[PDB]
Protein chains: 2
Amino acid sequence: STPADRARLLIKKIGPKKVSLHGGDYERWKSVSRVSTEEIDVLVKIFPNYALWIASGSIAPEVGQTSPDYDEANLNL
Amino acid sequence: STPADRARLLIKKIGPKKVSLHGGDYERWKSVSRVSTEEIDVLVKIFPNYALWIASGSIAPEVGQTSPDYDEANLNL
């Protein structure tokens, strides 16, 4: 996986409300769902806990850095 | 600062050798020094310890995530 793949996965999950609250352009967002640095900035704003995962594919819950799958998996635990 | 600003700072520091060893295109790299997702992938490959900082501006040395200034500041310590 690449930073673009992981960003795109998150982007597919977000709708216009969260995008616009964090300063992104939805019409670009909609078609991206290629990925730009702008989209990474907005994603980090929406999900500060996903910064490390977007960039590297790694997590570090020790410091609050997780993933969408980790957070879902960690709900009922 | 944005992810692009922090990537650009690193990009200015790297030359053709490290870029090409990690799969980037230097001619694009040279002019970037706007930033693309591709450049983030290569930067994370060159500096896996800078993934969190590029994406968010935060560090987490607890898990090996630092910054160029942190690493320099932590040399003689």
# chains A, B, ... in the order shown; residues from 1 in each chain; ligands from 1
>>> interface_residues(of="chain A", to="chain B", cutoff="7 Å", atoms="only C-alpha atoms", output="list in words")
residues 2, 3, 4, 35, 36, 37, 41, 44, 51, 52, 55, 56, 60 and 63 of chain A
>>> atom_distance(atom1="CA of residue 31 in chain A", atom2="CA of residue 68 in chain A")
21.3 Å
>>> atom_distance(atom1="CA of residue 69 in chain B", atom2="CA of residue 67 in chain A")
26.9 Å
>>> select_by_dssp(residues="chain A", states="alpha helix (DSSP H)", output="PDB file with C-alpha atoms, in the first residue's frame")
ATOM      1  CA  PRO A   3       0.132   6.886   1.181  1.00  0.00           C
ATOM      2  CA  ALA A   4      -2.312   7.513  -1.677  1.00  0.00           C
ATOM      3  CA  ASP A   5      -4.041   4.147  -1.249  1.00  0.00           C
ATOM      4  CA  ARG A   6      -4.484   4.708   2.488  1.00  0.00           C
ATOM      5  CA  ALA A   7      -5.646   8.299   2.000  1.00  0.00           C
ATOM      6  CA  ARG A   8      -8.079   7.142  -0.694  1.00  0.00           C
ATOM      7  CA  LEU A   9      -9.513   4.540   1.683  1.00  0.00           C
ATOM      8  CA  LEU A  10     -10.232   7.260   4.257  1.00  0.00           C
ATOM      9  CA  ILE A  11     -11.488   9.664   1.577  1.00  0.00           C
ATOM     10  CA  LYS A  12     -14.093   7.128   0.428  1.00  0.00           C
ATOM     11  CA  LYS A  13     -15.348   7.078   4.030  1.00  0.00           C
ATOM     12  CA  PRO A  16     -18.971  16.670   2.335  1.00  0.00           C
ATOM     13  CA  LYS A  17     -19.665  17.717   5.940  1.00  0.00           C
ATOM     14  CA  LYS A  18     -16.345  16.670   7.498  1.00  0.00           C
ATOM     15  CA  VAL A  19     -14.371  17.688   4.400  1.00  0.00           C
ATOM     16  CA  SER A  20     -15.818  21.187   4.377  1.00  0.00           C
ATOM     17  CA  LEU A  21     -15.438  21.599   8.141  1.00  0.00           C
ATOM     18  CA  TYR A  26     -15.455  18.209  -2.021  1.00  0.00           C
ATOM     19  CA  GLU A  27     -15.721  18.214  -5.822  1.00  0.00           C
ATOM     20  CA  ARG A  28     -12.040  17.258  -5.960  1.00  0.00           C
ATOM     21  CA  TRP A  29     -12.542  14.889  -3.005  1.00  0.00           C
ATOM     22  CA  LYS A  30     -15.443  13.157  -4.760  1.00  0.00           C
ATOM     23  CA  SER A  31     -13.450  12.393  -7.913  1.00  0.00           C
ATOM     24  CA  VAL A  32     -10.334  11.389  -5.960  1.00  0.00           C
ATOM     25  CA  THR A  37      -0.958  16.718  -0.497  1.00  0.00           C
ATOM     26  CA  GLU A  38      -3.995  19.000   0.198  1.00  0.00           C
ATOM     27  CA  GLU A  39      -6.160  15.861   0.825  1.00  0.00           C
ATOM     28  CA  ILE A  40      -3.514  14.535   3.283  1.00  0.00           C
ATOM     29  CA  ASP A  41      -3.701  17.868   5.183  1.00  0.00           C
ATOM     30  CA  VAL A  42      -7.500  17.664   5.434  1.00  0.00           C
ATOM     31  CA  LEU A  43      -7.415  13.974   6.393  1.00  0.00           C
ATOM     32  CA  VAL A  44      -4.938  14.686   9.197  1.00  0.00           C
ATOM     33  CA  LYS A  45      -7.233  17.502  10.320  1.00  0.00           C
ATOM     34  CA  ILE A  46     -10.232  15.148  10.336  1.00  0.00           C
ATOM     35  CA  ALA A  51      -1.361  10.730  10.516  1.00  0.00           C
ATOM     36  CA  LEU A  52       1.290   8.045  11.010  1.00  0.00           C
ATOM     37  CA  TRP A  53      -0.835   5.367   9.342  1.00  0.00           C
ATOM     38  CA  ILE A  54      -1.564   7.458   6.237  1.00  0.00           C
ATOM     39  CA  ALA A  55       2.112   8.320   5.795  1.00  0.00           C
ATOM     40  CA  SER A  56       3.651   4.926   6.569  1.00  0.00           C
ATOM     41  CA  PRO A  68      -9.535   2.892  10.791  1.00  0.00           C
ATOM     42  CA  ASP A  69      -9.395  -0.901  11.140  1.00  0.00           C
ATOM     43  CA  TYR A  70      -7.661  -0.668  14.519  1.00  0.00           C
ATOM     44  CA  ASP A  71     -10.297   1.746  15.851  1.00  0.00           C
ATOM     45  CA  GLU A  72     -13.140  -0.471  14.628  1.00  0.00           C
ATOM     46  CA  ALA A  73     -11.438  -3.591  15.982  1.00  0.00           C
TER      47      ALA A  73
END
